[PDB]
Amino acid sequence: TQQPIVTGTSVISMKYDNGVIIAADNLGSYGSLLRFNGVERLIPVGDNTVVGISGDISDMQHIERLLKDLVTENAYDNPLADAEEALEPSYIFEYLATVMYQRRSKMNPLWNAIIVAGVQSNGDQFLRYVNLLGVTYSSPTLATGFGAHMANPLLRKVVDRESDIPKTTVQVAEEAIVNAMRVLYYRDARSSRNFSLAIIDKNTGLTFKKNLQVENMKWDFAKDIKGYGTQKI
Amino acid sequence: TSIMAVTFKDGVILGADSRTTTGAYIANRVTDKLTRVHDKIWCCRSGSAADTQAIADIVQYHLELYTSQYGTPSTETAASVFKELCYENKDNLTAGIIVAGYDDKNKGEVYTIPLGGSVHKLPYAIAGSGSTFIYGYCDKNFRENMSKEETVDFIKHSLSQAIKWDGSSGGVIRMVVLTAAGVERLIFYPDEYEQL
Amino acid sequence: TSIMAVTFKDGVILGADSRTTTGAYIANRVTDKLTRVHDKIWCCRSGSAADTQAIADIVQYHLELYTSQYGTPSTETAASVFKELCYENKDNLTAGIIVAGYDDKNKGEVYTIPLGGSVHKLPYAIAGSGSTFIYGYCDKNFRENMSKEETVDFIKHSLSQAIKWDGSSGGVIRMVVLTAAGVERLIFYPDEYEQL
Amino acid sequence: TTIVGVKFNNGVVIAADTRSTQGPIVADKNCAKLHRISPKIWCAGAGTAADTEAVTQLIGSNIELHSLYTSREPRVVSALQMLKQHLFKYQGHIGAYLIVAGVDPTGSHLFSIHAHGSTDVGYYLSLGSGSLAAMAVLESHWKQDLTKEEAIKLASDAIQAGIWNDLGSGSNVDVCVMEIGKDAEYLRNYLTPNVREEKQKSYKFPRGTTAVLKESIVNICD
Amino acid sequence: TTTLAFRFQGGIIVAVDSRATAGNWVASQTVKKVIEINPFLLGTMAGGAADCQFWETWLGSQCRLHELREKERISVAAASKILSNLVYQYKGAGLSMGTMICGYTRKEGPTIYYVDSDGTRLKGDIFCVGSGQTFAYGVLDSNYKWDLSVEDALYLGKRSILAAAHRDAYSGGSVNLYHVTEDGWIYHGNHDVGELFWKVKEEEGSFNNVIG
Amino acid sequence: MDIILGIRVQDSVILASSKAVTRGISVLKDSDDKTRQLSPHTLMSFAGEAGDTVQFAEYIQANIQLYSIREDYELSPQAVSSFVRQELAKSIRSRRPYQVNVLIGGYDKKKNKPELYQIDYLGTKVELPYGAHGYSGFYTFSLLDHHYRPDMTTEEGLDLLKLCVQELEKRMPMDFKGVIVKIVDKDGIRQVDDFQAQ
Amino acid sequence: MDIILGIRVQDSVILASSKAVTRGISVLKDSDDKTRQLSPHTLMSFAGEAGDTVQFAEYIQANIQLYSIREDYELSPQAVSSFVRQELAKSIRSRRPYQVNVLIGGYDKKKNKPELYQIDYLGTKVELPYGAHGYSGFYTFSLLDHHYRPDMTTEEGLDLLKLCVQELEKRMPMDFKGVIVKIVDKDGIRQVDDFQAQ
Amino acid sequence: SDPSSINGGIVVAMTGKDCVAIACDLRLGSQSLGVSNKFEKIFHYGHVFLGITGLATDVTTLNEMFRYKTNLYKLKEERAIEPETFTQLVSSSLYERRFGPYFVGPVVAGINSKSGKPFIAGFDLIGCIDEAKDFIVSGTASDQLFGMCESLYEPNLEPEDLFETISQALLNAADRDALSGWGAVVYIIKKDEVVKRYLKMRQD
Amino acid sequence: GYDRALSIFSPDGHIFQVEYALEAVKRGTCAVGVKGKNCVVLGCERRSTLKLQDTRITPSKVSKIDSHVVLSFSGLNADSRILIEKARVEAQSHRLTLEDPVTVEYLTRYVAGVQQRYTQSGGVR
Amino acid sequence: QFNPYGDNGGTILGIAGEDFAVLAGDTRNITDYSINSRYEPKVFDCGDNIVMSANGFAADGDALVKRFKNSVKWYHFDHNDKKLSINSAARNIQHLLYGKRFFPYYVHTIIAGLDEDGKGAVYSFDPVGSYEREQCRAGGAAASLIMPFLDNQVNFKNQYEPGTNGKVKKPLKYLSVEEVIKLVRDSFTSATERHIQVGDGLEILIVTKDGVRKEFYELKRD
């Protein structure tokens, strides 16, 4: 049993016609102190999977080390490591889920919420969640922490059910994700303006975008607000 | 919350961020923390929003009645009324008020009433959760008798740092300038102060 | 406690106050918080004194054995050992370590290992109870590739502010300079830094 | 519960869902959450249901009496001041969280009030369990100078976000539009996107199915 | 829950209700609270549903092992002590069980053993266990005689469980009856309280306070 | 707790109350009468918290005797039970509540029928053929449910109680030292001095 | 708690133990024998925690019977009491202690003298003319302090116990359902089947 | 501990075609002990019906309070109180004890004697009104009642049919609750007449 | 730690350590037992390689396992003590769990089981 | 402090027919007041004609189902591909659950199939292994709303022959697969109306001597 110390907030994602998109800001909070700003919370595994992690940062770094090892280990005595026997998004997820559930079962969790995004070898999109309790689930859109409350509602207006996937383009999807990141920056006190975004396309491959910034913010209407009820000036 | 008041050559300026939170959620990103209790007596509130609003509303009442009978009240008198309310009710209140006003005789003045209900007259004062991060910066850069432009810059730089490190602070930076010339309302947006 | 490490043109400098308290009592006013774990790898300790000393002693042991078998360890490797100890034993430890070392290939480097056991490579780092008061000051005055004289000044000004506001910090300011030239020990007394 | 308030170029609008619950059970699938303080000052609450209703009617009663005494139309700032001073006195024990909107001789107004007695002013607000889903929508589509129609859409869209994504909300959308120069218009069940599909069977029982032990007539007349 | 067992001229009567709950929620009205350890041994269950079921089923396996090893039917004393010692090993861990081990061996005659999770083991002629025990005791104690006809005994047992099913909110469903003789136990059916109550009211004239 | 039992037969109400008064480790008295006559045809038995018990009983007695003198009339059992219920109901929401449970047995001379009322400290009232407070009910309600009949004679009622007491003396952990039995009928209240072996 | 009494007279030790076994609200049995014969001239009575009680007694019995077979000899009462004390003393510092109090009455055939040992669950042992565990002592030690004599006959001892039991049946809150009395002397252990009215 | 689970009991009301039904079980217990099988939980003032679940002492006190208030109301107004009006009276009477509440779950049923319109309403312990048109449920087996009612109910049922529906809803809900049951009574209400029936049910 | 296999099969299918154990028995003093119609008698012979013993204290050849069962033997005296002790312990354990003393066959089967185990366990003869 | 358990909502329903059995469950997965997924299968075909569902704390439900499927696999390996009878699966599951008696799988589990005589079978378990074979059983969030209904419509409780003065109980005629599916769908539309954790979709698994079939139906998404 423990308590999280340095933490990462939301991780949001959704799937479109040809792949999946996942994003997360670059902040490492220490309680209410916005302590670290160069924190990458999207972990690429090979060229078909990206693991986004929220929660305790020390545990995130541990999970990072675990993932790099899975890659090394999978390459051992494996002449097809970069082909038919390369790590699949589903293998990576099952592994982490297994670990997450064993750790909670020993009353010593990895204090995180994880989303595994990727494209399988047969083209299928892969999007699944797992957290510190070992709980898992899939949906056309997935978000952790605050994003679950404010991002899913916006992302679900684009893909409300399975049949909406093929009708959704990378452009529409990325636009929706970027808008969601802005909304989170407006109402989540533990969020940052800078974030990373990754796209896993069954055709274009893996596109990892670093140092993005929330832009086109509306603040002007603030000049007209005065007092908290009766004040006029 | 990040709030501060700074006396200078021509008077005094009050400044604040505009973020109010309930946990990690930002309940209001454009809050107005600069509260008018009299024409040229204003205050910055920190602590329980319910409490500080109730105190300010009562102080405004007391100062309106004071004015009707004895004329314009001194900033000191306004700070005294705030104090009386905060000290006598210290058990049921969580309020940290910065009082700042402009008098023609006394020019600009700043009084801080922290949690216990004690009062302190100062050249400048900072409060709120975000103030801890700018104690060093403010003590190294504050000078007495600065110009309006310099003071605005001092507050702008100070609060942008407070907002940078404190998750409970953010949004726009609001300022109120109190001089013989009148009352001026200033507002500064993120795209500006973030790149200082 | 107020501790910090700053990388610059020729390497890296570690600095700290010298006050250790048990409640309001100063148990030691001349404490030495700059701890050597290798010739050119040093660390600043914060948190439980018993804990950090035990960790440092073990890290020194690991680095001496490492050196005997594989030669001089990188600063990164030293930070890794600290981390392994802090992360794996997070339940029974209260330690905040700043690791700083000089390598001929990598020059000066700074790693901070906060309470949870995570690691962060940074241009400069501040920790300890007194660090909260200088976040704004340090973020506004730090520049990369400063000279030795400038860095010493940066640390001296930063810590004097931390000492000014934090009752848990005080005494003398100690510094350790790590460059290709060697190891230099600096000390600065109250009568000097108090009047900055 | 999901309640929202949106200011437009010549007025203000408020809306709410219609789901009332007792723990995880839906007690009323179509209750009205939009209450009237005065003809043109409307209100919506979240939290302790009995408290929002009682606090609304008390201040409403006093507002009416004040209006009659001063020969003037009720002002939103008066309802705000009376509500907040009442709630503060009770130190949060009266669990009323409200969004109050209305128009009066001085213009259009929009405020939020919390159980402890604090108030806020804004152009768009949301409250209740569905608060965050609704605000995600408002932060994405709100803009200055909305037309009456754009505001109805935005407000209605915000509540739908709550109906669909928040388990504490559902069923229908109620709206009330308050425009500067006209009467306020209450639009009960402005949207009804959750109609129960026809059941697969009829459970009407053949008469005599229930065993009776004794029967008798009850006297109502005195 | 209400369970009872008593010794008399014709052997042993065993009666139990069949209600299972989870708080005020009635989980089931058709639970078996008597497990046929084996053709000559019966076990009753009260307390934790799982605890009783799992360990009494386990008891049967241990009793069968004894017969294979010793080429002889296990005694009621040895059987009850197996469960008793097992339960004692777990003392303090939270097991919850109130049980009766009833059997008939040539060597001991009709025998009843009360065994609970506290580790208590008692041999006796009459036992009522469960949230409804006091209600059964009331009816059973005021109509008991060592000289009851197998027919009259079966009724007293059935009547006692009924009494408890009526007054105890946590007891009810139906009554399951058993008669124990040297040649084994004899099931005497399942009697739904729904019909049993009215029948008994009319034929006996009791429960005069309820209107029917 | 103490034993408080009541049973309404054909033409009377019988009240049985334990005689022990136990404080901690010692039985201080074994002839305690846990009853007060409220009026010539109304009797009340009580059990509960140490001091509140008698203080409540005596308070109710005083009020009824006052009503009797002022009106030169005797309130019906139902009227008295309602008065007692209101008093207990007021008490449960006061600074320090009377923790007292009672049984009221009375013979209504106007209806010519015996009546038995059971009221707990919360002000919970119910009229019954037989009643009990505390743990007693757990062993007696099933007995009475079995052996009770509306047309029983005062004598059959006494044999029914004897049966109840024997069950209590067999299964209950505490030694309540027997009971005092009183009969309430058209002729008033009398005490059966011979129950120690009837 | 249960009643455990012991008294050493001129040529024997008398043990008296209550027969009730009560669980919560019900008296489950009223003929419980709270004793185990450790050897032909040594008897042990016990009271305490529900399951631990018998488990401890039977465990001690097994060990002594084993010693008897291995050596073809009978350990003296003092030896047995010391063995029992060590077991209880080990138990108090273990994961889950035996919460059992015991009285050991034995007749030492080598000294030709009866002996009575009182040992509580902590391993506290003392040799006495008379003893008791639980609340019993609070009413019996003053009685015996008054009526006891070293030269009493087994018969005078039984009359002394009868006096103790009567006091317990008068002042103690719980109904312990009488006692079973056993005598330990030069001829072994016998049970006085007639104490229900001696 | 929970004042609302000490005595047990349930109440349910339904509207039909120009009629209304209000029903309740008869149990009154003390935790696991069943004490009385004749504790009715429905009362009426004129043609207005009130059912109350929860702590028995408050059930009784509230009935006496409303008898008291409706009696004065009639004397002053010179007419019997209507369903809608009485509902407001219950609500305001309950909120008056906001910080020292009666632990009950009131239910109102009746027909406006002037508009002929059927009416029902429910409240939480401090007065919040639940004005559903179909049915209102209250008591220790409220989850069960919601389940039955939602499944069995259908609009505009005739008195004779509504009776079968309300009864089956009550009975089967009661049988899955340990603190409910032990007898039941159903009231069928029409502008002109009211019939009361006692149902036969499990006695365990 | 010592677990060498001392009792193993030889090419002809014999286990010499068991066979030689029997030779140790042939060397032991003679013991006999005869059962009557209502009794059983056990007789043993006493060596004479040395005579000047104290019969009171010298361990006898017949041992009580429980009040109703006895055991005699031929072979190594020291080894017999081990079996006798285990048998005595098992007899008390049986009374403790079954609430009935052991039957003679049960006690025999137990002693025999111990002997068999020592023929196929590592490190023991 | 760390709480090892969570509640994911959901409701499941099992009904046994004369020569078939069904196991249904909504497809919504939740946490507090948010929806995690509108379609997350909760009922599984485990092989050998056995369907299972462990509802409550999803992580525990998944571990159990996973462990049982693996048990079936090893049963084949160790007993010459013998088919695992439903009664045997039930006992196996009891040991799986009781294995964690001191750190329980926080689930209410139901399995369905055909017994060895070809009849429909349903078994329901306690979180720690207590089990019983039954005619029907609802589990999860809305079990308290559904079970009463099933007692009435499946076992005809409290229903009598009209005109017999409640003297003759309605006969126990048995239901067809079509009639059962109707009860299931109605049970879920009702549950979706009154319980905030139930909705989105309904997935039913039917077991006959020919194998396992699946049917899917939409449910209200509010």
# chains A, B, ... in the order shown; residues from 1 in each chain; ligands from 1
$ select_by_dssp --residues "chain C" --states "helix (DSSP H, G or I)" --output "number ranges by chain"
C: 49-70, 75-88, 129-141, 148-165, 190-193
$ interface_residues --of "chain D" --to "chain B" --cutoff "7 Å" --atoms "only C-alpha atoms" --output "ChimeraX atom specification"
/D:116-118
$ residues_around --residues "region 186-192 of chain J" --least-positions-apart "5" --cutoff "9 Å" --atoms "only C-alpha atoms" --output "list in words"
residues 196, 197, 199, 200 and 201 of chain D; 147, 148, 150 and 151 of chain H; 11, 13, 25, 26, 142, 143, 145, 146, 149, 150, 181, 197, 198, 199, 200, 202, 219, 220, 221 and 222 of chain J
$ closest_atom_pairs --of "chain F" --to "chain E" --cutoff "6 Å" --atoms "only C-alpha atoms" --output "tab-separated table"
residue	atom	partner	partner_atom	distance
F:138	CA	E:134	CA	5.7
F:139	CA	E:138	CA	5.1
F:142	CA	E:135	CA	5.3
F:143	CA	E:138	CA	5.3
F:145	CA	E:207	CA	4.9
F:146	CA	E:206	CA	5.1
$ residues_around --residues "residue 47 (chain I)" --least-positions-apart "5" --cutoff "12 Å" --atoms "only C-alpha atoms" --output "short mmCIF file (atom, residue, chain, number, x, y, z; two decimals) with N, CA and C atoms, in the first residue's frame"
data_model
loop_
_atom_site.label_atom_id
_atom_site.label_comp_id
_atom_site.auth_asym_id
_atom_site.auth_seq_id
_atom_site.Cartn_x
_atom_site.Cartn_y
_atom_site.Cartn_z
N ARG I 27 19.78 -62.77 15.62
CA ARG I 27 20.77 -62.70 16.68
C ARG I 27 20.18 -62.23 18.01
N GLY I 28 18.97 -61.68 17.97
CA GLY I 28 18.36 -61.21 19.19
C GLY I 28 17.80 -62.34 20.03
N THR I 29 17.59 -62.08 21.32
CA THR I 29 17.04 -63.09 22.21
C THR I 29 15.67 -63.51 21.68
N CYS I 30 15.29 -64.75 21.94
CA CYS I 30 14.02 -65.27 21.47
C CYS I 30 12.79 -64.69 22.16
N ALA I 31 11.72 -64.54 21.40
CA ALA I 31 10.46 -64.02 21.92
C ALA I 31 9.34 -64.84 21.31
N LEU I 52 24.92 -60.22 36.54
CA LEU I 52 25.25 -59.48 37.75
C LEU I 52 24.43 -58.20 37.63
N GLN I 53 23.41 -58.28 36.78
CA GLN I 53 22.49 -57.19 36.49
C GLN I 53 21.53 -56.88 37.61
N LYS I 61 11.78 -56.65 28.42
CA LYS I 61 11.56 -56.92 27.00
C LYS I 61 10.13 -56.69 26.50
N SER I 74 12.59 -58.70 19.03
CA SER I 74 13.86 -59.41 18.93
C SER I 74 14.71 -58.57 18.00
#
$ residues_around --residues "region 223-228 of chain A" --least-positions-apart "2" --cutoff "7 Å" --atoms "only C-alpha atoms" --output "compact mmCIF listing (two decimals) with N, CA and C atoms, in the first residue's frame"
# COMPACT_ATOMS: atom_id res chain seq x y z
N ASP A 220 -10.67 36.79 -23.72
CA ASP A 220 -11.16 38.16 -23.81
C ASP A 220 -12.42 38.49 -23.02
N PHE A 221 -13.41 37.61 -23.05
CA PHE A 221 -14.67 37.84 -22.33
C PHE A 221 -14.47 38.08 -20.83
N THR A 230 -22.93 41.98 -6.92
CA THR A 230 -23.44 43.34 -7.05
C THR A 230 -22.46 44.43 -7.49
N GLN A 231 -21.16 44.13 -7.46
CA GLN A 231 -20.14 45.11 -7.84
C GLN A 231 -20.29 45.51 -9.31
N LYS A 232 -20.22 46.82 -9.58
CA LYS A 232 -20.38 47.31 -10.95
C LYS A 232 -19.10 47.73 -11.66
N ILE A 233 -18.09 48.17 -10.92
CA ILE A 233 -16.85 48.59 -11.55
C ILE A 233 -15.69 47.59 -11.35
N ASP B 32 -13.16 37.25 -10.28
CA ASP B 32 -12.68 38.61 -10.01
C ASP B 32 -12.42 38.68 -8.51
N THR B 35 -11.89 43.14 -4.88
CA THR B 35 -13.16 43.57 -4.31
C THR B 35 -13.21 44.99 -3.75
N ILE B 187 -6.22 44.37 -17.13
CA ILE B 187 -6.35 42.93 -17.31
C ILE B 187 -5.19 42.50 -18.21
N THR D 119 -20.87 33.16 -4.15
CA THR D 119 -21.52 33.33 -5.45
C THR D 119 -20.52 33.67 -6.53
N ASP D 120 -20.92 33.43 -7.77
CA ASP D 120 -20.10 33.70 -8.94
C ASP D 120 -20.95 34.30 -10.05
N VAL D 121 -20.29 35.03 -10.95
CA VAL D 121 -20.96 35.64 -12.08
C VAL D 121 -20.24 35.13 -13.34
N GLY D 122 -20.99 34.86 -14.40
CA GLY D 122 -20.36 34.40 -15.62
C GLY D 122 -21.27 34.44 -16.82
$ residues_around --residues "residue 46 (chain G)" --least-positions-apart "5" --cutoff "9 Å" --atoms "only C-alpha atoms" --output "short mmCIF file (atom, residue, chain, number, x, y, z; two decimals) with N, CA, C and O atoms, in the first residue's frame"
data_model
loop_
_atom_site.label_atom_id
_atom_site.label_comp_id
_atom_site.auth_asym_id
_atom_site.auth_seq_id
_atom_site.Cartn_x
_atom_site.Cartn_y
_atom_site.Cartn_z
N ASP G 2 -17.92 -19.13 34.16
CA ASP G 2 -18.38 -20.38 34.73
C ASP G 2 -17.89 -20.46 36.18
O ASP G 2 -16.98 -19.73 36.56
N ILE G 4 -15.93 -22.28 39.12
CA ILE G 4 -14.89 -23.27 39.38
C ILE G 4 -14.43 -23.08 40.83
O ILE G 4 -13.83 -22.06 41.17
N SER G 17 -17.81 -27.62 39.99
CA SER G 17 -17.85 -26.91 38.72
C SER G 17 -19.27 -26.79 38.16
O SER G 17 -19.98 -27.79 38.06
N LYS G 34 -17.11 -29.89 33.47
CA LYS G 34 -15.92 -29.09 33.17
C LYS G 34 -14.67 -29.63 33.85
O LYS G 34 -13.97 -28.91 34.57
N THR G 35 -14.37 -30.89 33.58
CA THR G 35 -13.24 -31.55 34.22
C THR G 35 -12.63 -32.68 33.38
O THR G 35 -13.29 -33.26 32.52
N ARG G 36 -11.36 -32.97 33.61
CA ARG G 36 -10.67 -34.08 32.95
C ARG G 36 -9.76 -34.75 33.97
O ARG G 36 -9.06 -34.08 34.74
N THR G 53 -10.83 -23.95 26.10
CA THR G 53 -11.09 -24.66 27.34
C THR G 53 -10.87 -26.18 27.27
O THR G 53 -9.99 -26.73 27.93
N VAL G 54 -11.66 -26.86 26.45
CA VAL G 54 -11.57 -28.29 26.31
C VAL G 54 -10.28 -28.69 25.56
O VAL G 54 -9.62 -29.66 25.93
N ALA G 57 -7.50 -28.72 28.05
CA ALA G 57 -7.67 -29.81 29.01
C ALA G 57 -7.29 -31.16 28.42
O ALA G 57 -6.52 -31.93 29.01
N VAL G 100 -7.51 -19.93 29.34
CA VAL G 100 -8.05 -20.94 30.22
C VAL G 100 -7.51 -20.85 31.64
O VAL G 100 -6.31 -20.71 31.85
N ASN G 101 -8.41 -20.94 32.61
CA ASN G 101 -8.05 -20.92 34.01
C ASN G 101 -8.32 -22.33 34.53
O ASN G 101 -9.31 -22.96 34.13
N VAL G 102 -7.46 -22.82 35.41
CA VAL G 102 -7.65 -24.17 35.93
C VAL G 102 -7.41 -24.34 37.42
O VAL G 102 -6.75 -23.53 38.08
N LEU G 103 -7.97 -25.43 37.94
CA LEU G 103 -7.78 -25.82 39.33
C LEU G 103 -7.31 -27.26 39.21
O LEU G 103 -7.87 -28.04 38.44
N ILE G 104 -6.26 -27.60 39.93
CA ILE G 104 -5.78 -28.97 39.90
C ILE G 104 -5.84 -29.54 41.30
O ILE G 104 -5.20 -29.03 42.23
N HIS G 133 -11.96 -19.49 40.41
CA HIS G 133 -11.60 -18.65 39.27
C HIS G 133 -12.80 -17.80 38.87
O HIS G 133 -13.95 -18.21 39.04
#
$ interface_residues --of "chain J" --to "chain D" --cutoff "6 Å" --atoms "only C-alpha atoms" --output "PDB file with N, CA, C and O atoms, in the first residue's frame"
ATOM      1  N   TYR J  33     -19.899   7.500 -11.314  1.00  0.00           N
ATOM      2  CA  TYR J  33     -20.929   8.098 -12.159  1.00  0.00           C
ATOM      3  C   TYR J  33     -20.547   8.225 -13.636  1.00  0.00           C
ATOM      4  O   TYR J  33     -21.237   8.900 -14.402  1.00  0.00           O
ATOM      5  N   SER J  34     -19.459   7.576 -14.035  1.00  0.00           N
ATOM      6  CA  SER J  34     -19.000   7.627 -15.420  1.00  0.00           C
ATOM      7  C   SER J  34     -19.158   6.285 -16.100  1.00  0.00           C
ATOM      8  O   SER J  34     -19.215   5.254 -15.438  1.00  0.00           O
ATOM      9  N   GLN J 159     -49.599 -16.145  -7.522  1.00  0.00           N
ATOM     10  CA  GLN J 159     -50.608 -16.220  -8.572  1.00  0.00           C
ATOM     11  C   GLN J 159     -51.480 -17.450  -8.363  1.00  0.00           C
ATOM     12  O   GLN J 159     -50.971 -18.554  -8.196  1.00  0.00           O
ATOM     13  N   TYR J 160     -52.796 -17.242  -8.363  1.00  0.00           N
ATOM     14  CA  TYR J 160     -53.774 -18.315  -8.161  1.00  0.00           C
ATOM     15  C   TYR J 160     -54.759 -18.436  -9.320  1.00  0.00           C
ATOM     16  O   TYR J 160     -54.820 -17.563 -10.196  1.00  0.00           O
ATOM     17  N   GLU J 161     -55.525 -19.527  -9.317  1.00  0.00           N
ATOM     18  CA  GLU J 161     -56.531 -19.773 -10.345  1.00  0.00           C
ATOM     19  C   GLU J 161     -57.734 -18.870 -10.107  1.00  0.00           C
ATOM     20  O   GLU J 161     -58.342 -18.901  -9.039  1.00  0.00           O
ATOM     21  N   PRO J 162     -58.091 -18.048 -11.096  1.00  0.00           N
ATOM     22  CA  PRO J 162     -59.248 -17.180 -10.878  1.00  0.00           C
ATOM     23  C   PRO J 162     -60.465 -18.000 -10.443  1.00  0.00           C
ATOM     24  O   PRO J 162     -60.673 -19.120 -10.922  1.00  0.00           O
ATOM     25  N   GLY J 163     -61.247 -17.457  -9.517  1.00  0.00           N
ATOM     26  CA  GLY J 163     -62.441 -18.151  -9.069  1.00  0.00           C
ATOM     27  C   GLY J 163     -62.270 -19.301  -8.096  1.00  0.00           C
ATOM     28  O   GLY J 163     -63.264 -19.854  -7.645  1.00  0.00           O
ATOM     29  N   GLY J 166     -58.351 -18.327  -4.247  1.00  0.00           N
ATOM     30  CA  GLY J 166     -56.956 -18.472  -3.873  1.00  0.00           C
ATOM     31  C   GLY J 166     -56.654 -19.804  -3.212  1.00  0.00           C
ATOM     32  O   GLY J 166     -55.767 -19.898  -2.365  1.00  0.00           O
ATOM     33  N   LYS J 182     -38.459 -13.100 -24.003  1.00  0.00           N
ATOM     34  CA  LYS J 182     -39.339 -11.961 -23.789  1.00  0.00           C
ATOM     35  C   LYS J 182     -39.193 -11.433 -22.366  1.00  0.00           C
ATOM     36  O   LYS J 182     -39.142 -10.221 -22.150  1.00  0.00           O
ATOM     37  N   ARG J 194     -35.059   2.102 -14.288  1.00  0.00           N
ATOM     38  CA  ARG J 194     -34.906   2.439 -12.881  1.00  0.00           C
ATOM     39  C   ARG J 194     -33.535   2.377 -12.219  1.00  0.00           C
ATOM     40  O   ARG J 194     -33.387   2.843 -11.089  1.00  0.00           O
ATOM     41  N   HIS J 195     -32.540   1.808 -12.891  1.00  0.00           N
ATOM     42  CA  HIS J 195     -31.211   1.740 -12.297  1.00  0.00           C
ATOM     43  C   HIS J 195     -30.196   2.439 -13.200  1.00  0.00           C
ATOM     44  O   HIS J 195     -30.038   2.076 -14.368  1.00  0.00           O
ATOM     45  N   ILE J 196     -29.504   3.435 -12.654  1.00  0.00           N
ATOM     46  CA  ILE J 196     -28.543   4.213 -13.428  1.00  0.00           C
ATOM     47  C   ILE J 196     -27.316   3.457 -13.919  1.00  0.00           C
ATOM     48  O   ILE J 196     -26.608   3.944 -14.808  1.00  0.00           O
ATOM     49  N   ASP J 222     -28.879   6.544 -21.735  1.00  0.00           N
ATOM     50  CA  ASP J 222     -28.803   7.650 -20.767  1.00  0.00           C
ATOM     51  C   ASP J 222     -28.405   7.221 -19.340  1.00  0.00           C
ATOM     52  O   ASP J 222     -28.192   6.007 -19.125  1.00  0.00           O
TER      53      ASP J 222
END
$ select_by_dssp --residues "chain H" --states "strand (DSSP E)" --output "JSON, numbers by chain"
{"H": [10, 11, 12, 13, 14, 15, 16, 19, 20, 21, 22, 23, 24, 25, 28, 29, 30, 33, 34, 35, 36, 42, 43, 44, 45, 48, 49, 50, 51, 52, 53, 54, 104, 105, 106, 107, 108, 109, 110, 111, 118, 119, 120, 121, 122, 123, 129, 130, 135, 136, 137, 138, 139, 184, 185, 186, 187, 188, 189, 190, 194, 195, 196, 197, 198, 199]}
$ atom_distance --atom1 "CA of residue 149 (chain E)" --atom2 "CA of residue 14 (chain E)"
14.6 Å
$ interface_residues --of "chain I" --to "chain E" --cutoff "9 Å" --atoms "only C-alpha atoms" --output "compact mmCIF listing (two decimals) with N, CA and C atoms, in the first residue's frame"
# COMPACT_ATOMS: atom_id res chain seq x y z
N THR I 97 -8.03 -37.80 19.07
CA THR I 97 -8.84 -37.45 17.90
C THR I 97 -10.07 -38.33 17.63
N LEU I 98 -9.97 -39.63 17.92
CA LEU I 98 -11.08 -40.55 17.68
C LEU I 98 -11.90 -40.82 18.95
N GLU I 99 -11.38 -40.44 20.11
CA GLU I 99 -12.07 -40.67 21.38
C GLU I 99 -12.33 -42.17 21.59
N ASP I 100 -11.29 -42.96 21.33
CA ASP I 100 -11.35 -44.41 21.47
C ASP I 100 -9.93 -44.93 21.34
N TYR I 106 -4.65 -51.72 14.18
CA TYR I 106 -4.29 -50.34 13.84
C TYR I 106 -2.89 -49.99 14.34
